[PDB]
Amino acid sequence: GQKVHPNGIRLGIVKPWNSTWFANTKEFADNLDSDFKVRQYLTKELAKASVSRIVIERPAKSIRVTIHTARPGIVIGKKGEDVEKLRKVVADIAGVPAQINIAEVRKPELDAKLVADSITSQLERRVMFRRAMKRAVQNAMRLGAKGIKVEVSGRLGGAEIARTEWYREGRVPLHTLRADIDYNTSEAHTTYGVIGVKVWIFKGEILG
Amino acid sequence: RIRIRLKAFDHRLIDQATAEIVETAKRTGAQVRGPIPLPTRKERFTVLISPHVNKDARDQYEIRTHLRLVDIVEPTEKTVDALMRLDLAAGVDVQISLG
Amino acid sequence: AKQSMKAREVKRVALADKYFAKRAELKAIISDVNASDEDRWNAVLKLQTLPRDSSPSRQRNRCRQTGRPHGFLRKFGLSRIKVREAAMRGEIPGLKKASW
Amino acid sequence: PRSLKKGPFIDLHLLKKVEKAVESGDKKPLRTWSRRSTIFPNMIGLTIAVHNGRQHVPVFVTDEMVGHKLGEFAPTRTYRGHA
Amino acid sequence: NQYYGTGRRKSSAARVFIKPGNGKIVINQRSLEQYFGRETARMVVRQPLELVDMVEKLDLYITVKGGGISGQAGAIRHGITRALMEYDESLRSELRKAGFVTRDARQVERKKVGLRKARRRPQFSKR
Amino acid sequence: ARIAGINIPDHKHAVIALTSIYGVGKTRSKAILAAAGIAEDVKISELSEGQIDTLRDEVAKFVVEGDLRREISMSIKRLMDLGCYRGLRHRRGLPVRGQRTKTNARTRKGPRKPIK
Amino acid sequence: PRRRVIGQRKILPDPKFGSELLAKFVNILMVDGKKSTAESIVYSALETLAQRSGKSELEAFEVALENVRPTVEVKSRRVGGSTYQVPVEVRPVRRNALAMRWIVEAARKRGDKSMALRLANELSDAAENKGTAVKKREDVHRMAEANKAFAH
RNA sequence: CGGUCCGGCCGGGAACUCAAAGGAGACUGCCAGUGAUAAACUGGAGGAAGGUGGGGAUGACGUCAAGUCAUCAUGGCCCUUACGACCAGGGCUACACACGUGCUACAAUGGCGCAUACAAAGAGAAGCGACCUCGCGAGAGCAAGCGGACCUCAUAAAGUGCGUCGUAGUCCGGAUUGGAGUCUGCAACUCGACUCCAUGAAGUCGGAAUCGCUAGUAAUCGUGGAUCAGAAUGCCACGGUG
Ligand SMILES: [Mg+2]
Ligand SMILES: [Mg+2]
Ligand SMILES: [Mg+2]
Ligand SMILES: [Mg+2]
Ligand SMILES: [Mg+2]
Ligand SMILES: [Mg+2]
Ligand SMILES: [Mg+2]
Ligand SMILES: [Mg+2]
Ligand SMILES: [Mg+2]
Ligand SMILES: [Mg+2]
Ligand SMILES: [Mg+2]
Ligand SMILES: [Mg+2]
Ligand SMILES: [Mg+2]
Ligand SMILES: [Mg+2]
Ligand SMILES: [Mg+2]
Ligand SMILES: [Mg+2]
Ligand SMILES: [Mg+2]
Ligand SMILES: [Mg+2]
Ligand SMILES: [Mg+2]
Ligand SMILES: [Mg+2]
Ligand SMILES: [Mg+2]
Ligand SMILES: [Mg+2]
Ligand SMILES: [Mg+2]
């Protein structure tokens with residue numbers, strides 16, 4: 001293994017964080033623990049709906065969860081019922097008075113997490129992995145991103161030896177530190193094992 | 001005087017937050033000294049990155065706490081209620097003390 | 001690690017924060033300069049009668065997500081591999097790669 | 001070494017067992033896992049069956065052992081030789 | 001009357017105030033011979049006033065902080081040359097020939113990872 | 001010349017020649033010269049018998065060669081006949097106070113014996 | 001190197017005399033970075049040697065070094081089955097380095113009391129055309145004079 | 001400038017070091033020659049730095065069935081009143097041997113004692129712990145300041161001045177061993193660190209071979225942090241001479 005995390009190398013310049021707050025040297029670990037509890041809870045619950053990102057933000061002794069999702073219909077459902085049903089239990093998990101903001105994403109076949117869970121769920125319901133990859137690749141290209149590179153890996157539907165496929169198209173420079181490279185990965189649980197999916201999507205270079 | 005000491009993680013956000021507090025305090029009170037900077041606390045960490053065995057494979061990370069100090073020398077009766085009313089931005093900690 | 005080990009560390013934190021009082025009591029009565037000598041003997045003996053798992057020096061610092069014993073970091077609460085995974089996903093604030 | 005201000009160290013059950021056995025006065029082996037306890041002169045003249053990990057090795061206490069903790073007379077490892 | 005120069009070196013910051021005088025080279029509230037215990041360091045202090053003929057023509061007032069003996073002395077030299085180019089302004093070609101104005105851009109190199117120092121690797125061996 | 005029954009060197013300095021006895025080292029020798037009033041800048045040459053009388057009294061106040069060798073031999077013998085862990089380690093001939101013996105115990109194991 | 005043609009390295013002269021040759025000599029004498037003790041050694045040695053010989057330290061050190069400068073040196077070529085050891089005309093800045101290096105190596109190999117006296121005695125012998133440095137120069141030069149045939 | 005308890009120390013003062021934030025700046029820009037009118041190179045006047053200024057970060061498609069099922073996740077198999085648990089004690093620290101990586105040395109460019117000067121980076125609340133008293137010391141007791149450009153860790157050392165030592169197993173080296181101890185900790189025997197007194201092994205520059213390094217590098221000297229109740233000759237960093 002060689003490469004760098006392409007989100008972590010751009011955590012400073014172009015990509016923002018996923019948990020922005022401040023602590024002393026005394027409550028830093030407990031902030032991390034309650035953050036990770038609400039992250040695992042939110043992912044496990046609204047995994048049927050397609051979340052994309054979670055901005056955990058705790059301004060001044062109250063928590064705030066901004067859920068970037070694509071389909072708000074399974075997040076909300078009826079007239080603001082399940083969102084408060086989630087909000088009281090986020091307050092229950094973190095122990096703090098709470099807030100939940102729920103935001104949409106436009107073009108839900110362009111972010112890095114959504115394409116990855118699409119290929120993941122298709123591989124769980126047992127489609128051809130080449131059809132899954134090539135479908136997602138040409139969907140992102142006709143949606144108009146500059147680049148996409150997808151890569152599935154391991155136990156590819158009927159093998160004992162585990163090869164690693166990747167397709168690129170467009171242009172997607174990774175050693176550029178000023179690009180906008182949405183990277184994310186995911187795991188498919190099949191009875192052939194764990195099939196790993198990674199996807200880079202280059203949206204556009206950003207200037208100073 | 002009430003001294004204001006603002007600690008944060010992002011220098012853009014801390015500049016915007018001290019800008020909003022200095023203009024809100026300037027609108028009401030008188031004799032704000034200035035948003036001075038203090039030494040940025042550069043906490044550092046070294047992690048082995050291999051899960052089993054490589055001593056020669058390491059990353060090093062920093063948490064760069066930026067820290068500003070804004071002084072208010074002549075508070076009126078209501079600037080202290082203005083700042084205790086003022087909800088400050090998400091990701092900036094503040095400490096205020098008269099004396 | 002094993003789930004018995006994680007619950008074992010929860011047992012240790014429970015007994016430590018339970019008997020935080022009596023330990024400071026008997027260690028004052030041990031370490032004080034002017035003290036009744038049989039009271040000092042009784043302080044040592046009652047300090048033994050306390051359960052051994054109620055020392056703060058007995059709890060190993062586990063990870064707070066996977067219980068890996070070696071490779072802790074106190075300002076994060078997580079092990080080194082999980083803190084690399086979380087820091088590169090971006091769940092820890094202000095944590096970029098230290099280039100100097 | 002143990003600090004002089006704390007006195008010596010002997011745990012509750014060996015101290016009580018020693019005092020009961022010296023108030024009675026019998027010669028049976030006092031079976032004892034407490035390897036770390038400082039020998040008192042009220043333990044002089046007794047057989048102490050110190051656990052060495054594997055078995056209960058016996059020591060017959062004399063006047064010379066007045067400060068030495070009990071595991072000095074009980075080698076934990078076993079080394080015959082390499083030849 | 002006075003002139004100002006900031007000199008910098010490895011970790012030394014020097015403040016030099018040049019005046020016309022008789023030879024008083026006073027550095028941080030103690031004399032030059034009481035400050036520097038090396039004639040090489042005193043040489044590095046008085047080098048540009050050896051290039052020009054102003055050894056006893058001009059006094060000064062010098063503070064310095066940080067660094068070491070030679071680092072402090074090199075910072076003194078840099079501040080003095082900056083102040084002389086502030087003073088007569090015509091010795092720019094002379095100080096460029098002397099190689100004194102050129103701010104010494106060397107620093108302690110940072111110890112990298114896996115290496116015992118800045119560049120020394122440990123004892124590699126095939127077995 | 002003689003101090004506590006054993007000769008000391010003559011041309012050397014005072015405490016450096018007084019360190020040449022089994023039992024008085026540099027600190028105890030400095031304390032001896034402090035109690036004697038002879039400062040430590042004199043040689044053993046040009047010292048008179050009154051000063052050697054003071055030194056002999058003050059040195060015999062301590063525990064020096066013969067009694068110290070009885071002390072150490074009786075202490076090691078006590079450990080060995082007691083049969084404690086340090087006694088067992090002394091009669092084996094290995095490092096006592098907790099060193100390692102996978103390598104580097106050569107002060108107690110002497111040279112490196114071949115296996116042939 | 002292979003690509004770079006690197007020139008020389010500027011070293012500041014001594015505060016005593018201004019001699020770049022003495023700057024090179026105190027650098028070659030100094031070990032473990034402590035320049036001050038080697039400065040004291042070379043200043044004491046030139047002071048006492050000029051006090052014996054009469055004349056200045058600069059002229060005395062220079063002529064006793066000129067009596068131990070090499071003229072042609074030896075280096076391997078190997079190309080047959082045995083090692084050719086061809087002679088090479090030295091460079092006019094490298095002969096200084098060889099002279100001071102052999103002098104300080106003979107001074108370290110000497111058996112005197114202090115290194116000031118070691119350098120003093122070795123450079124007085126190097127003025128009187130005797131000593132270990134002089135014999136080393138003469139034997140390196142005589143090996144080059146033997147292998148004069150490989151001036152191909 | 002004032003007032004000086006002579007200590008930036010109190011009125012101050014925006015000039016300075018400094019602390020950040022925003023910038024300007026270095027790009028073959030200018031010149032000459034070579035060069036195919038080109039790419040480019042050899043130079044040099046300017047400039048704080050001349051050609052990538054220096055250092056880091058960034059590790060292409062892939063190779064080695066490389067490593068980890070013991071961070072984690074997981075297909076299958078195996079265990080299920082036990083291969084799962086819980087507790088006490090022991091072991092992971094053994095030792096006729098061999099290797100790897102380091103530290104201390106073998107000394108006079110040095111050792112010892114007495115004074116004297118110059119840093120950078122950091123870390124601190126179950127914590128850092130001044131000042132003052134006691135102990136030769138490790139430390140003890142009292143205990144303000146402090147979430148800290150505020151106080152504490154904390155004296156930097158090599159260096160400088162003087163004295164001494166006289167090339168020796170030495171005033172080198174410090175191992176090992178006995179006694180006496182302080183701290184941490186329920187608990188220092190196996191099995192901690194450190195202090196004091198004493199003891200003072202081998203070693204007098206290293207065969208075959210082999211390694212690191214091109215400049216603030218090598219070499220040498222100190223200091224900190226993480227882990228951490230206590231436990232680094234390591235690891236990660238910072239400066240000093242060079
Ligand atoms: Mg990498
Ligand atoms: Mg598990
Ligand atoms: Mg522990
Ligand atoms: Mg260095
Ligand atoms: Mg290593
Ligand atoms: Mg290796
Ligand atoms: Mg080898
Ligand atoms: Mg002795
Ligand atoms: Mg030019
Ligand atoms: Mg140029
Ligand atoms: Mg690059
Ligand atoms: Mg394999
Ligand atoms: Mg157990
Ligand atoms: Mg181990
Ligand atoms: Mg005292
Ligand atoms: Mg001396
Ligand atoms: Mg010798
Ligand atoms: Mg010694
Ligand atoms: Mg001693
Ligand atoms: Mg010998
Ligand atoms: Mg190189
Ligand atoms: Mg620490
Ligand atoms: Mg520690």
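Quick check, is residue E:69 within 12 Å of another protein chain (Cβ to nearest Cβ), more than 16 Å from ligand 8 (Cβ to nearest atom) and touching a residue at least 24 places away in the same chain (Cβ under 8 Å)? Yes.
Reported count of residues in segment E:89-127, each being within 30 Å of residue E:51 (Cβ to Cβ) and of a type in the set (A, V, I, L, M), is 6. Go through segment F:13-41 and give me each residue that's within 11 Å of RNA strand H (Cβ to nearest atom), β-branched (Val, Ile, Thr) and touching a helix residue (DSSP H, G or I) at 6+ places or on another chain (Cβ under 7 Å). Result: F:15, F:19, F:21, F:24, F:32.
Conditions: (1) under 24 Å from residue F:80 (Cα atoms); (2) within 14 Å of chain F (Cβ to nearest Cβ). Residue D:83 meets all but one. Number of the miss? Failing condition for residue D:83: (1). Looking across segment F:72-116 at every residue that is hydrophobic (A, V, I, L, M, F, W, C) and farther than 19 Å from residue D:74 by Cα, the one that is nearest to ligand 19 (Cβ to nearest atom) is identified as F:72. Scanning segment A:191-205 for residues that are assigned to a strand (DSSP E or B) and not hydrophobic (A, V, I, L, M, F, W, C) returns A:193, A:196, A:198. All of (1) surrounded by fewer than 18 Cβ atoms within 10 Å (Cβ to Cβ); (2) in contact with a strand residue (DSSP E or B) (Cβ under 9 Å, 6 or more places away or on another chain); (3) not in a loop (DSSP other than H, G, I, E, B) hold for residue G:83 with one exception: (3).
Considered as a group, the residues in segment E:71-127 that are near RNA strand H (Cβ under 9 Å from one of its atoms) and of a type in the set (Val, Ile, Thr) include one that is farthest from residue E:11 (Cα to Cα), and that residue is E:113. The requirement of being of a type in the set (S, T, N, Q) and within 14 Å of chain C (Cβ to nearest Cβ) is satisfied by residue A:34. Checking the structure you have, find out if any residue of segment G:10-30 is out of contact with any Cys (no Cβ under 7 Å at 6 or more places or on another chain), within 16 Å of ligand 4 (Cβ to nearest atom) and on the phi > 0 side of the Ramachandran plot. No, because not a single residue in segment G:10-30 is out of contact with any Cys (no Cβ under 7 Å at 6 or more places or on another chain), within 16 Å of ligand 4 (Cβ to nearest atom) and on the phi > 0 side of the Ramachandran plot. Considering chain B, the qualifying strands (runs of 3 or more DSSP E), each wholly inside and each with 3 or more residues that are of a type outside the set (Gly, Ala, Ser), run over B:2-8, B:41-48, B:58-74, B:92-98.
Residue C:10 meets each of the listed conditions (1) outside any loop (DSSP other than H, G, I, E, B); (2) within 14 Å of chain A (Cβ to nearest Cβ); (3) more than 18 Å from the chain's Cα centre (by Cα) apart from (3).
In segment E:95-105 there is at least one residue matching the filter, namely being more than 16 Å from ligand 3 (Cβ to nearest atom) and at positive phi. The residues of segment D:9-52 that are out of contact with any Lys or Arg (no Cβ under 7 Å at 6 or more places or on another chain) and under 18 Å from residue C:30 (Cα atoms), listed by number, are D:10, D:11, D:12. All of (1) in a helix (DSSP H, G or I); (2) within 11 Å of chain A (Cβ to nearest Cβ); (3) under 12 Å from the mean Cα position of the chain (by Cα) hold for residue C:57 with one exception: (2). Taken over segment E:1-17, the residue count meeting the criterion of being closer than 18 Å to residue E:65 by Cα and over 12 Å from the mean Cα position of the chain (by Cα) is 2. When A:55, A:115 are checked against the criterion of being within 13 Å of another protein chain (Cβ to nearest Cβ), within 21 Å of the chain's Cα centre (by Cα) and either of a type outside the set (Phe, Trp, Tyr) or assigned to a helix (DSSP H, G or I) (or both), a single residue qualifies: A:55. Within segment B:29-39, the presence of a residue that is free of Cβ contacts under 8 Å to residues at least 12 places away in the same chain, more than 16 Å from ligand 3 (Cβ to nearest atom), more than 24 Å from residue A:17 (Cβ to Cβ) and more than 10 Å from every other protein chain (Cβ to nearest Cβ) is excluded. Hand me the list of helices (runs of 4 or more DSSP H) wholly inside segment F:48-116 holding 2 or more residues that are without any contact (Cβ under 8 Å) to a residue 12 or more places away in the chain and more than 13 Å from chain D (Cβ to nearest Cβ). Passing ranges, in order: F:49-60, F:65-82.
Summed over segment B:50-83, the residues that are away from chain C (no Cβ under 14 Å) and either within 12 Å of residue B:4 (Cβ to Cβ) or charged (D, E, K, R) (or both) give a count of 15. For the condition more than 30 Å from residue G:146 (Cβ to Cβ), touching a helix residue (DSSP H, G or I) at 6+ places or on another chain (Cβ under 6 Å) and assigned to a loop (DSSP other than H, G, I, E, B), residue G:11 qualifies. All of D:35, D:54, D:31 fail the test of being under 23 Å from residue F:86 (Cα atoms) and either more than 14 Å from every other protein chain (Cβ to nearest Cβ) or among the acidic types (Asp, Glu) (or both), apart from D:54. Of the residues that make up segment G:24-35, is at least one surrounded by fewer than 18 Cβ atoms within 10 Å (Cβ to Cβ), touching a residue at least 12 places away in the same chain (Cβ under 8 Å) and within 14 Å of chain E (Cβ to nearest Cβ)? Checked against the condition, which is being surrounded by fewer than 18 Cβ atoms within 10 Å (Cβ to Cβ), touching a residue at least 12 places away in the same chain (Cβ under 8 Å) and within 14 Å of chain E (Cβ to nearest Cβ), segment G:24-35 yields at least one hit. A search for C-beta distances below 6 Å between a residue of segment C:83-100 that is within 7 Å of chain B (Cβ to nearest Cβ) and any residue that is of a type in the set (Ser, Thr, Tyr), counting only pairs 6+ apart in sequence or on different chains, returns C:93/A:19; C:93/A:20; C:95/B:61; C:98/B:61.
Pairs are defined by a Cβ separation below 6 Å, a sequence spacing of at least 6 or placement on different chains, a first member in segment A:164-182 that is of a type in the set (S, T, N, Q), and a second member that is assigned to a strand (DSSP E or B); the pairs so defined are A:164/A:153.
Of all residues in segment G:126-152, exactly one satisfies the criterion of being crowded, with 17+ Cβ neighbours inside 10 Å and either outside any helix (DSSP H, G or I) or free of Cβ contacts under 8 Å to residues at least 12 places away in the same chain (or both), namely G:131.
Evaluate the following for residue E:86: is it more than 14 Å from chain B (Cβ to nearest Cβ), of a type in the set (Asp, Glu), surrounded by fewer than 12 Cβ atoms within 10 Å (Cβ to Cβ) and away from ligand 5 (no atom under 16 Å from the Cβ)? In short, no.
Neighbour counts run over all protein chains shown; Cβ positions are idealised from the backbone, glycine included. Bear in mind these aren't lab numbers, they're just calculated from the coordinates by the rules spelled out.
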